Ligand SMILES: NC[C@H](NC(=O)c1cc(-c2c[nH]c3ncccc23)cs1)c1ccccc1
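The chain below stands alone and is given in C-alpha cells; this is the form solved without this ligand.
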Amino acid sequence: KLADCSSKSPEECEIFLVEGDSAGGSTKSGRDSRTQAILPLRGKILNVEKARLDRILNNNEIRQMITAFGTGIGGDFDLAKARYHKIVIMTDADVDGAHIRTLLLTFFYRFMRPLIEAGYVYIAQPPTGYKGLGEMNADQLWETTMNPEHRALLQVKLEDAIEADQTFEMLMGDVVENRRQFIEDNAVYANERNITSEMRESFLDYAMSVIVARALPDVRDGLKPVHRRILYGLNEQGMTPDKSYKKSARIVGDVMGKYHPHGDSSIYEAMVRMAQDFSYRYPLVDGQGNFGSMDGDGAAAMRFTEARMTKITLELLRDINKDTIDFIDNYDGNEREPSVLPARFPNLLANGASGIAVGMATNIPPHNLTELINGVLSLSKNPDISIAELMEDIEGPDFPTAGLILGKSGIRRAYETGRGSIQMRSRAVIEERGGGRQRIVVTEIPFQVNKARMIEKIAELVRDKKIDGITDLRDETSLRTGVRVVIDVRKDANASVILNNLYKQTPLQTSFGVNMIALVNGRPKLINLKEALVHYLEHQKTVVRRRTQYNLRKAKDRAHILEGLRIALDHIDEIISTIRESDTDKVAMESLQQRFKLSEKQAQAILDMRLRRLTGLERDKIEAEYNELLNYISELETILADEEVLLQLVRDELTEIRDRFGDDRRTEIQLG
C-alpha cells in the first residue's frame, strides 16, 4: 500500500495520506518519487476518541500509519525515528474529506502529539470542483498541490494544549450533547493552521452538511436529498407508471452524474428501499426483479433490476413545472434541481423517516394516509385544534408490516412532544397441531425487524436454555402463504406463558423510539404532531397559490398572443405583403409592429405561423380559445383574491388524493 520514496533522508522526505487507491493513483503518477511517499487509506477511519486501545491497535489503517512513520506511539513515541519530516494530509476536497481529516488529526493528537509539536504534520490544499483526487489528472494534482515550488501546504500548529484537549473531547468524544451544543451555537444556516481552529471548522462543515444535506428529511416533502434526487431523476426522464420499467443502472448513473456526487451504493440502496412494501407504507418506486426481503437479503446487483415511479409518486411531483417550488443549481452548476417537491400528500408522516446525523438523529414512524389527510383537513378548519382532537383522526402510526401497538400513552407523548416510546408487538395466535399439542403462529412482525434475525435469536434462547417449552421453530413464510413463523410448544406446556416470554426476550416485541426531527426552514427541529401538519399545510397553500399564479401569467401571455393572431388573420393579405416586401426578419418584425400595433412577441408569433394556420376555420378556432381563456383568467383571479377559496381548493385536492390513494389501517392499536 505504502508507495515509499527512494531517498531515506527523513528530513527531506514527505508522506502523503490519501483516502484510497483511486486518489492514490493520481498521486503516485504525479508525485516526485525521490522525496514523496504515498499511503492510501480506506475511507472513514476509526475515531480514536470513541474507541478503546484494543480496537485502535487492531485497525489496519492505524497500524499502517504507525509502521510507515516509524516513530511508535504514546509514551514510546520517538521523534528521532521519524521516517518523514512531513506528514501531509491530502483528503478529497469535499465534506467527507474534511471529516477524514478531523479523524486523522484526532489520531495524531492522541497518539503522536510530539509529531504535531515538531511541526511535522501538514494539510494539503487540493482544488475544489473534483469529487476526489482520482478525478484529477496527475499533472494537475502535482502542479496545484504537490509541487513544492507552487503548492500551499498548511503547517499544523498546537497553540494551547488545554484548549486542544477540550476541542478533541467535545468534537470527537462520546458525549453527544456537547457536540450538539457546539453545532447549535456555531451553525450558520445559509502558511500555518491552528489545530483547534482546523478541528472546529472542518468538523462543523461536516456536521452541518450531514444535518441539512444528507441524513434528515425536509418537513415539507418528507425527503432527504438522495431520495429527492432519485425521484426527480425519474420524473425528468419520464419514468412514469404508464411507461415501461427502466434499467436501474441508468437511473443510478444519471442521478449520480447530474445531482448526487456520492457512491452508487448509497443511491441504489436508497432507491431499493423506496420500492420495498415492507419498508415504505406507501412505496415511491415500482421495482422489477429482486429488490430484497424482510430477511435482510439485499437487492440484486443493479445491472439486473429495473424501476419506475409508483402512481402515488406522481403526486409528490405534481405541478413541479408550474413554478410551485424553487429550483437551485446542482453541485457543479451544470444542472438544476428542486429544493423541495410539491408533495401533494403529507409524505413525511405517511412514509416516516429514520436517520443518523451528527449531534442528533431522527426516527419518525409511518402513518395511514386516510387518517393523515383527515387530520390535515380538520386542522385547515381549525388552527387552534389540539393534539387530542387531531388524534381523533390520526390514531397513531400505521406500519407497512402491520402488527400491533400496545396502548396509546407512548403515541400520545410522541404526538405532544415529538418524543416517546411506542411498543410494537407481532401478530401471533395459539392453535392446535394435533395429538393435544399446540403451536404459536406469527403472521406479522414489528416494523424494521429482520425476520431471519428474529428467528435466530429465538433459536439462540432455546439453544442456551434461556426459555422453556419450545420443540421446533420454522419459517413457513411464502408468497402464497404470506408471513408465517411457527413455534411448536411442548405437550402440556402453557403456550401463552411461552409467548409472553418470547415478547420479553426477543424482538417479537420491539419498541419504536419516536424522535421527530426534521428540517424546518433548512434547520433541524424537534416537532410534535401538530407542528408537522401545520408546516405541511402551509407548504400546500404556497404550492397551490404559486401554481394558480403560474397558470395566470401563462394564460395572459397566451391571450396576448391570440390578440396578435386575430389581427394577423383579419388583415392577412396586408400581413403577407408586409413580410414579402421585407428583406430581413428584423425589418418584417419592425414593420409588423408599427403598421398593426403589435408587440414584439405578437409579431414574432405571426412570423412563426405556418401556412396551414390560414385554413378557413382557424379564425373561429382562435376566438373560441380566446373566449375560453378570458373565462379561465377570471376563474384564476377569483382564487387568488380570496384566501378561503384558495384553502378550499387545497382541501378538495387533498380529499381527491385521500379517495384515490387512502387505504385501510394495518397496525392494530390495542388498549389495556
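When you see a residue number, it is the position in the sequence shown, counting from 1. C-alpha atoms forming the largest set that superposes within 1.5 Å between two forms make up the rigid core.
Compared against other deposited entries of this protein, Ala190 counts as often unmodelled, lacking coordinates in at least a third of those that resolve the residues around it.
In the deposited sequence, the stretch from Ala190 to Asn191 hides 10 or more residues that have no coordinates. The PDB entry records a higher mean C-alpha B factor for 616 to 624 than for its counterpart among 616 to 624 and 602 to 610. For the segment pair 498 to 506 and 347 to 355, the entry gives 498 to 506 the higher mean B-factor, averaged over Cα atoms. If you compare the C-alpha temperature factors of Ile267, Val156, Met208, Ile445 in the entry, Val156 comes out highest. Within the group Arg490, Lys224, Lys530, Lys311, the record's highest C-alpha temperature factor is found at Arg490.
Split the chain's modelled residues into thirds by C-alpha temperature factor. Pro524 is in the lowest one. Compared with the other modelled residues of the chain, the Cα B-factor recorded for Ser26 ranks in the middle third.
In the PDB entry, a CA B factor belonging to the lowest third of its chain's modelled residues is recorded for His262. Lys465: CA B factor in the highest third of modelled residues in this chain (values from the PDB entry). Per the deposited record, the Cα B-factor of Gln125 falls in the middle third when ranked against the other modelled residues of its chain.
There is another form of the same protein, the form deposited with this ligand bound; it is not shown, and what comes next is about it.
Interface membership of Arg553, defined by any non-hydrogen atom within 4.5 Å of this ligand in the bound PDB entry, is ruled out. At the 4.5 Å threshold, heavy atoms of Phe596 reach this ligand in the bound PDB entry.
Interface residue remark: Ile517 is counted as part of the site for this ligand in the bound PDB entry, having a heavy atom within 4.5 Å. Looking at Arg180, you'd find a heavy atom of it within 4.5 angstroms of this ligand in the bound PDB entry. Between this ligand and the residues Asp570, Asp295, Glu456, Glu392, the one pair within 4.5 Å by heavy atoms in the bound PDB entry involves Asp570. Proximity to this ligand in the bound PDB entry, defined as a heavy atom within 4.5 Å, singles out one entry of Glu184, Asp174, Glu192, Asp78, which is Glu184.
Partner proximity in the bound PDB entry, defined as non-hydrogen atoms within 4.5 angstroms of this ligand, places exactly one of 119 to 127, 517 to 525, 407 to 415, 336 to 344 at the interface: 517 to 525. With the two forms fitted on their core, the C-alpha shifts between the shown form and the other one stay under 2 Å for all of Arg474, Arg336, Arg250, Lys597 except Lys597. With the core held fixed, the Cα of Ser577 is displaced between the shown form and the other one by 2 Å or more. Fitting the two forms on the rigid core leaves the C-alpha of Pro241 displaced by under 2 angstroms between the shown form and the other one. With the core held fixed between the shown form and the other one, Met172 has its Cα displaced by under 2 Å.
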